[PDB]
Every structure is written in C-alpha cells, then in structure tokens.
Amino acid sequence: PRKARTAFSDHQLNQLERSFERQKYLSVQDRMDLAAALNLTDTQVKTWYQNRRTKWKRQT
DNA sequence: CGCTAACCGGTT
DNA sequence: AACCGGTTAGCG
C-alpha cells in the first residue's frame, strides 16, 4: 500500500520554485496557504519543500 | 538512467 | 511535529 506519485503542473512547479527561492522553509501557515493556492495537500507541499532542500544541498 | 515524489527510521 | 539522511520507486 503506497500513494500514487503526484504529477505537478507547470504552474505548480513554477510557484513552488518561486516560493523556495523566496523562503527555504515554510511555517505551517505558509505551507497551508501555498497548498491552498495550488490545489495541493499540505503534505504534498511539505514533501516538495523537503525534497527541494535535499536537492539544494547536493548542488551546492 | 536522471530526476524526483514518496517512505522509513532516527534526531531534534 | 518538522526535518534530515538514506532508500524505494514512477516516469519521461
């Protein structure tokens, strides 16, 4: 038992990245706000950020 | 295979 | 609870 892999839209990717470039971490409220803006689950966004930070430490 | 979303166990 | 680091796994 495992969740389907989410397919982010160009719009979702773009806004997630934009948010990352602005803030490296999100407060719970900032997360919920972003999830609501992009029609995503809180956890999808939480996970995105986390994986994005991982990528960020690799590439620096 | 490369990129990356999702999961697990441990850190704090 | 959130993050981290390592791991598994979907898909172009």
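The sequence lines fix the lettering, A, B, ..., with proteins before strands; numbering per chain opens at 1. Only heavy atoms go into these numbers, but all of them, side chains included; no hydrogens, no water, no symmetry mates.
No side-chain heavy atom of A:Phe8 sits less than 4.5 Å from a side-chain heavy atom of A:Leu38. Between A:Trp48 and A:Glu17, some side-chain heavy-atom pair lies under the 4.5 Å cut-off. Counting heavy atoms from C-beta outward, A:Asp30 and A:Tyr49 have side chains that stay 4.5 Å or more apart.
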Donor-acceptor list for residues 53-60 of chain A side chains, cut-off 3.5 Å, not counting sequence neighbours:
residue, atom, partner, partner atom, Å
A:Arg53, NH1, A:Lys24, O, 2.9
A:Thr54, OG1, A:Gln50, O, 3.4
A:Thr60, OG1, A:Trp56, O, 3.2

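Applying the side chain to side chain contact (heavy atoms under 4.5 Å, CB included) test to A:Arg22 and every residue at least two apart in sequence or in another chain returns A:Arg18, A:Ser19.
Here the shortest heavy-atom pairing between A:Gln44 and A:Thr6 reads NE2-OG1, 3.2 Å.
Put simply, OG1 on A:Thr47 and CG on A:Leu40 are 11.0 Å apart, with the number rounded to the nearest 0.5 Å. Rounding to the nearest 0.5 Å gives a distance of 7.0 Å between NZ of A:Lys3 and OG1 of A:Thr43.
Hydrophobic cluster membership of A:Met32, counting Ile, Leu, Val, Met, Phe, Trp and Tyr whose side-chain heavy atoms lie under 4.5 Å apart directly or via other members: A:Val28.
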